[PDB]
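As a starting point, one isolated chain is supplied in structure tokens, in the form deposited without this ligand.
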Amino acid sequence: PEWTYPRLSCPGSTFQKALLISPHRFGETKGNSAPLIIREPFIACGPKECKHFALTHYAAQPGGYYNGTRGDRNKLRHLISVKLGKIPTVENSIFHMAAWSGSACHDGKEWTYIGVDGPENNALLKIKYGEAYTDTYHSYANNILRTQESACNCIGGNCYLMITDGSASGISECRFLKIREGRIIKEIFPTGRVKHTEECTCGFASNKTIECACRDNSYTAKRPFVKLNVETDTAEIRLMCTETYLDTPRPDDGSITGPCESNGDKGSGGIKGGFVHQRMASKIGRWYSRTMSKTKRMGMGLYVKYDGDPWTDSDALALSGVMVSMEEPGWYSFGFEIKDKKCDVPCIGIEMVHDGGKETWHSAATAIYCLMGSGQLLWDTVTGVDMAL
């Protein structure tokens, strides 16, 4: 086996409903299954397999450990995975390491697993390469050291990963780690609009550039947009200029007055958002997703723009389709690529959280849309889960 590189995307001009992983369709009291209580799912693929990752509360449904599953950080939280297609139950899952913030990616040769745990003021990112724990990175702003919640990205053996640290309501200057065979070989300090960046969804724009659509939880409903040149190891961040603001909450499309760099209103709070590249010979496609509600984590719409510069383009993103109706939960979303024999398949995954408050269990299904064929997006996704059962 050799190092993997991003290839030209497979043919197609539209996404379609691919797969639903809804493990709590089997968590009824009347049932005999043990789906794990999880959140922050993401997917990462290598040359033969895709892995469905999530962070678990180390508790199952049905079970006696529902209390505390709405929180994110605790000493029980672990990064888990199944082969994509398998239901993430107790027995099907594999536990990688203790983590309440994760990431993972395959470099052509081996899996890299990323897991942050530790106290709020001094958290720790841990790196696992296959079975071995290989490196760590330390909290630098002493306020919840955090990572992508989606796949990291490997090229020629070098895997790039966004980390962040800082107040959820204030400054969180992200950084990028260059990781090779489980070990950090460079720290990359981005320049530009670095005020607040977290939960970057990153992918390859080419063999030269990794691009991320990120979350600003404090200041803007515009997504910070990272451009990382992997040849010079330099990163730059500016807000997406598009009137189609991708964060939730958000104000009305186009209502933020001023040039591209204006913040301005409804900026506090946020959501991780899906983003994936369609690489063609002389054209680049950028696919994004955002909730159907402006304020709530309800529904999910898929958007697209071809070519241009996301930093300077005020033009609206074209609405491609409704992946999750307004009646269904649409929480975190993420991008990932499936590796076909000769080309790469861009896909958007959606976390669809089962939320009934703190007095009951709190977990998530995963819906997957992929680029396939031509036409328009045809069907939405439902979890089918009644939380009373």
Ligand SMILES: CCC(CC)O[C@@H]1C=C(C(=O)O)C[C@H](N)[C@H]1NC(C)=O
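All residue numbers refer to positions in the sequence shown, first residue = 1.
Below: the form deposited with this ligand bound, not depicted.
Identify the site as open or blocked, taking the pose of this ligand in the deposited bound form and overlaying it via the site C-alphas; a blocked site has 3 or more ligand atoms within 2.4 Å of a backbone or C-beta atom of the shown form. This form leaves the site open.
Only one of 211-219, 175-183, 80-88, 127-135 gets a heavy atom within 4.5 Å of this ligand in the deposited bound form; which is it? Heavy atoms within 4.5 Å of this ligand in the deposited bound form occur in 211-219.
Residue 146: heavy atom within 4.5 Å of this ligand in the deposited bound form? Heavy-atom contact with this ligand at 4.5 Å: present for residue 146.
With the partner left out here, check for me: in the deposited bound form, does some heavy atom of residue 73 sit within 4.5 Å of this ligand? Residue 73 belongs to the contact set for this ligand.
Should residue 198 be counted as a contact of this ligand in the deposited bound form, where contact means heavy atoms within 4.5 Å? Yes, contact at 4.5 Å.
Residue 297: heavy atom within 4.5 Å of this ligand in the deposited bound form? Taking the distances in the deposited bound form, the answer for residue 297 is yes, it comes within 4.5 Å of this ligand.
Select from the listed residues 51, 339, 39, 354 the one whose heavy atoms reach within 4.5 Å of this ligand in the deposited bound form. Filtering the options by heavy-atom distance leaves 39.
Quick check on this chain: which one of 111, 100, 303, 160 has a heavy atom within 4.5 Å of this ligand in the deposited bound form? Only one option qualifies, and that one is 100.
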